[PDB]
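Residue numbers (PDB author numbering), protein chains in the order written: chain 5, 60 to 260; chain F, 4 to 241; chain D, 1 to 246; chain E, 9 to 241; chain 1, 34 to 235; chain 6, 28 to 240; chain G, 1 to 245; chain 4, 1 to 196; chain 7, 45 to 260.
Here you go:
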């Protein structure tokens, strides 16, 4: 329940949250970093931890969801796509891989949300985070945590969490990326600027 | 007889009959004129469609942006040779970092063509390619056949009804060499129209042009700039 | 290892020789019927020629590829097609079935496994030195929303979803007759699904209720292979009900 | 004896000649390309409507902006399309553009003929495909429909029909379709020809409809929409 | 490890070879004969470390062994010298001693080639390499005068080998001599205890 | 930065800033190694065709290899598709080489500038430790912050409440390029000698040397 | 031979009652049907000459290559069917290419002729691949044997020749070589003479025109193998036409 | 690794086992609303503990194996066979990029003998026994597990024994934990016992 | 500066481009570590029919290049009407080999100069032991780049007069100064002058070695 990738599901709909910022220390080079990758509306993914390892497994996963969908014609199981990717990750170590991805997609029982690691974890929970900064994020979210939170409470909850995070652990910058998966087909809410979120909270 | 029952079995003709069958596949294929200057090498090809309610499609297939081919025979068989050719251009770029020497490039194809001809009853590839390439020696227009033997031609025309196109190459044999690049494409369409009867004449839809050279990459014009070249008729009086 | 010259080659007849021999070899065979329930999806074969000196164990046409996927093969022919041939298609699908089952978190999509099955019998037709199998298979299972399926392949790999499909004894003959048999009120409980499988099998079976072998499979619990003595009890109930109808 | 890998006295390959006639036993592919989408119609090829239409597949998505309808030898086609799905997706994955209908067509055409009982192994062919494909989709330039046949010829098409009579399927097209026409007529123009090329009836369980359109992925028609189009003949 | 010097003559060639192989401190081998053969006219001596050199000699000897049969006439010297070099460029982290290639080719009958641990193949009038020869490495060049004659050369190869043995602790003192001609290889063993060894510092 | 190592740079910081119709690309001229210039002309920018130019900096063997992968794939994309290759795709070919190395990352840093099939011009930066993004402004190198902070202010105008140096134009963008390569040479002496200005528009790429500090 | 309906002339892993495969013999006719390649051994080098038939008037020299440069001192002149000639060329080039690079000296021919003929012959043995229906020569200048010329037949038999001709008039060409002394004559004079034999072979009532490719590996080029320089090439042809008449 | 607990005490036919709910990656408990006690068959359980992530990896590998053997037999698994095969497979996979370094717990109902519990280490050493413990907890639990039965357990004393241990694991040993699943499996149905 | 490999080196590479010719000065000796074991050395080769290469530094990359060039020339000979090889084609192919040569421990250095003039392009290419190649006008790598390169660039720098004669006199001066400054150097040298028609030069040349620090 860690870093800049977090997803929790609620009773109105679902929230997805990510940053778009890169460079611990003075060093920086990526200012429109797409941690929540989603070239299509069918599956969504998130990064976390190590920059290279997330991006690599998720571009391999990018190809992988598209292939399942093509083969069945209709979209397949969220579990099967994610798990085919998990077999690759465990084997993938020895490249200084340490991938910590959260896989989100629509399954037949309902929305499926599963937790991926480079040492091959797969467990379904209502809330998952990959990285190290959401260790900070769990204190303000948990305190107020209901799973029937309003759409409006959730947008305000995410906006504030980045602003407060910036103050607490520096690293946020440029843009705050918000995405909502509503029903079973996803939409990107807004790529809201950092300077706005600072004042609101 | 019983000396073309395989291509391993030799003919008392001095050339196996099966090698010669493969030569008919190429003749049955598309009229193609290939000419070169001393900077550029041009491939003029005739399109064909397999239906009435279809818009004709290129018989120039890309090997690459520096060596390119025109098919006469099967489309599939040309493409099968093409893939190998594409790889070579991809390696040339790694090793040399120039356009691969055209003569070199043709001998490696010839090696491949050689192989089913050696095997038991297996098919020699029934395409002839007119290969236009630009290297440090100059432009080259090569004729490749269903055998492993390649010809370096000044201008050659292969395919269907190509002799009428061939007398044109003879008449303006010196001319191609000195001319400017636009003119090189112009003599090719004049020659290509000669294959067809007086009645049947080239139009922008059925004309495909592949131009490669010193100054530019391989570009295919299907209606991109086919028109200014197409201009002026001069057909063989049949 | 494989034959340097190809067994299967395109020749003029419209298909291919080995496909052509292969359609003959499931035509001349005995009946294998599969009916799609709403409880259990059940498969059964006409012949095993049981007579009480032998016992079935893996001898069954019906073999479970997976925890919720099973297929029943009718290699079976003028003089009997090969259990040897079926087993290869079985081995290759079963490993693939389990790998997909691992990946999906709910019961394995039949669809994948049948598409797969179709390609396995086709790849041999294009492969050097090989030929396709002379089987027809009833690929059965439940989806990842729990949707029961009864699918069929022929020898060269072509696939369809079906309510109920019957193969062998002329495939067309028996399958048109299984539509007549089939009721949706006769699949509502576990014994009624099983009774529809058996009625098609009785038609020309030599020494029935012993030769008749049918296995049941549950939602993600393993295959339960029924012994012919236990199957015989249902066979008596329908064989009398059937007499009554005429 | 000699091969099917040998030339005939005509000077043409024996095996390629046989393959085209093989197509004619089976299914049809009708693709009409209009500037409002590319439509694919194909026959399920039924024996009864009591054959579930839940997951009979013969029009399958190659990419999510390109669909493919198959004709000819249906068995041989199933492996060609499955294969086609991975190669298009390797291309989609690297370029990260929406694939062009012409690129998918060229790529699958070299696989048609690699035949031979020498210079081939188990992963390579020992027979030519007798599957003619119609790849229909919308790209950046716009809607295009490409026809592929066993001889590897790729051509641009505004309307192409191949079927149980390849010749038959085409002759009807000339008669019904006309160059600039609406999407709704394009779907209909396929249902009138579809019958002509089939020897079989118009049933909702016997036809399958799919449209790929601007801004819109490959769509599979359901039983209600399958019926709307059957109504349009 | 060993003490090797091989000097090229305008006549033909002369070799000079050790009597001891020494390890870290203890002498591994107490009687030395080195003729790894690549051909019956051409020979090599394995100088410096025995192992590093011998494995190079051995791969080279297999190709040249093949080659001499094949051609019909025996190989030329220059063919063997390129092959010794070919191995040594790769395995230059695992061999870095010295290979001494000397004999007769068929293109002149007068070649001495040195393939070094830093690599190069060149012809030189005299070369000394190995353990005790390195001491005298500049010196063996110094002692002769270019293009010397067969008799004079014979006294010099003996005298410089003694002076190198005296100088390093990798040689003993017995000069094993080899005179190479058109004839073949003929080898002579000149005793030591009786003749005079070069002067020693107070 | 760079120092002697076994394969190491000697000038070149690749900058690209996109307007929305042009990308002005600046790279320093020099062939360098050790702690000296071998030759003044010729930069570590190499063009794949002329549509797109990639500039790779550091270990030069690696620079020669990067260009070849990105250009070879452009050619495969052209043959099949029958359209131009976009930025986004040449960039991917380059990624696979970059992702390879991560136990100790690649000692090359790429910036590819072109237009992708959206009809507008795009600048992609992949990192040698690998992560990538599309940007409106970008400085790329391992002294990436120095052209980058000027480009962030001048095209993007982040944090500025009244500063955009001059109106956004191609020429304005070019003025800024020449001045930054000179300015760095005082503070950081690893970039010096001459300026290579490349202008990328719909015309394509034209290259120009200009002598400087 | 035989024309049995199963094997022997339809296979080539099958020997006749006498011990011969008919398939190599059918291939042996093929060298006879097209133009000659002459090649004579000097002692300062080797001089090769192949007449390339002008079939089309829209060809240039380098078309239907009968003359290959095997290395930079090894030649190959072929006669017969050009497709089998190409294969033979490819193997020869690789075998010669490894020997200069690795050893550092010129290749003694006699081994090389034996190896290539081994290649020809290994394929004859097999029924799965064909006998080669080309006859070809290899020529080299060496510093272990001087000039050597060997001629290898479509059967895989190797013999050395002072002076050979393989082609459509062996009997007329060999005899002209016998009369002349070219066996140990200087390469320069030989160029003219090899061309002159080509002139006798050629007919102006069986051929229109030919384009001379000769190849040097001799004293002009300083032992380097190049296809004949345009000036020399012309000079030698000029003599060939003038001297008959 | 070096987290995560297991304990099993086998009875007259019953076996009671408990393990903590908690899959922690980094510093925080990533998943906790899932259990990581797996039904590999309906007569066989593997409860894996060590690495939180590593448990699923091992479970899946066994899941295909266990079924392939089931095929072979064409009747239900044999306990003896399950300990040795899982042991071999796991020692070989430990070196593999797809590793195992888990202390696993086999519970199976045997076709002939009856109840069987099979011990597995992190090093991976196979033993059938009737008094064994797993995870980081195995060092802590095993002497105690030695003492408190006579041969095998009695459920009443076991229950008291179990509650006493569960306060200790939170107390001395460090987990993120806030709930525990307590289960008795009789060999054909899963029973939930109460958490302390 | 960047040291060459500390085993067997051939050293010293000048290279400057003049009007259709390039001039290069190369040590003609073979120092093993620093002792000048073999004071005459072959390091100049004919790369292709009208191209030429001469390299300085570690010998193991030169010995690789011997094999490589033999194959390159042999294949080009086969057509027998050439192509007129340009410098670039060989250089990149040579690049790949030098890459391997770096990987041996205490990395080998090479700097090669290729000259050809074919088509209507004058290409002068430089190869590094790194595997770096490019078109250039003046080049030096290793130690050359710090110290003799400087003498060349500065003499060139006032009045830009690029002539074969000017380079020739500069090379004579250069030999006494290199022997003095560098410790792997000697005064027995080869002067190589490269052209678009082949390689022109002798091998061994000798001129002054004078110390200028004991007079002064």
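Ideal placement from N, C-alpha and C gives every residue a C-beta, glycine not left out.
Beta carbon proximity, residue i to chain 1, threshold 8 Å
{"i": "residue 179 (chain G)", "result": "no"}
Proximity of residue i and residue j at Cβ, strictly below 8 Å
{"i": "residue 141 (chain 1)", "j": "residue 81 (chain 1)", "result": "no"}
{"i": "residue 223 (chain E)", "j": "residue 144 (chain E)", "result": "no"}
{"i": "residue 191 (chain D)", "j": "residue 159 (chain D)", "result": "no"}
{"i": "residue 67 (chain G)", "j": "residue 132 (chain G)", "result": "no"}
Residue of the options minimising C-alpha distance to residue i
{"i": "residue 29 (chain 6)", "options": "60 (chain 6), 182 (chain 6), 48 (chain 6)", "result": "60 (chain 6)"}
{"i": "residue 19 (chain G)", "options": "27 (chain G), 1 (chain G), 28 (chain G)", "result": "1 (chain G)"}
{"i": "residue 34 (chain G)", "options": "128 (chain G), 43 (chain G), 166 (chain G)", "result": "166 (chain G)"}
{"i": "residue 216 (chain 7)", "options": "233 (chain 7), 137 (chain 7), 229 (chain 7)", "result": "233 (chain 7)"}
{"i": "residue 38 (chain 4)", "options": "142 (chain 4), 127 (chain 4), 25 (chain 4), 17 (chain 4)", "result": "17 (chain 4)"}
{"i": "residue 99 (chain D)", "options": "66 (chain D), 121 (chain D), 243 (chain D)", "result": "66 (chain D)"}
Straight-line Cα distance separating residue j from residue i
{"i": "residue 173 (chain 7)", "j": "residue 56 (chain 7)", "result": "14 Å"}
{"i": "residue 7 (chain D)", "j": "residue 129 (chain E)", "result": "13 Å"}
{"i": "residue 26 (chain F)", "j": "residue 81 (chain G)", "result": "15 Å"}
{"i": "residue 140 (chain G)", "j": "residue 183 (chain G)", "result": "14 Å"}
{"i": "residue 14 (chain G)", "j": "residue 5 (chain G)", "result": "13 Å"}
{"i": "residue 201 (chain 6)", "j": "residue 215 (chain 6)", "result": "22 Å"}
{"i": "residue 225 (chain 5)", "j": "residue 159 (chain 5)", "result": "22 Å"}
Test: residue i CB closer than 8 Å to a CB of chain D
{"i": "residue 58 (chain E)", "result": "yes"}
Chain-ordered chain C contacts of residue i [CB-CB under 7 Å]
{"i": "residue 83 (chain D)", "result": "No chain C appears in this structure, whose protein chains are 5, F, D, E, 1, 6, G, 4 and 7."}
Closer than 8 Å to chain 7 by CB, residue i
{"i": "residue 61 (chain 6)", "result": "yes"}
{"i": "residue 192 (chain 6)", "result": "no"}
> For the stretch 55–68 of chain G, which residues have a beta carbon sitting closer than 7 Å to at least one beta carbon of chain F?
Replying inline: Sequence-ordered contacts of the stretch 55–68 of chain G with chain F read 57, 58, 59, 60, 62, 63, 64 [C-beta pairs closer than 7 Å].
> If contact means a Cβ-Cβ distance below 9 Å, which residues of the stretch 147–166 of chain 6 contact chain E?
Replying inline: Contact residues of the stretch 147–166 of chain 6 toward chain E are absent (C-beta to C-beta distance below 9 Å).
> Using Cβ-Cβ distances below 9 Å, what residues of the stretch 166–192 of chain E are close to chain D?
Replying inline: Listed by position along the chain: nothing, the set is empty.
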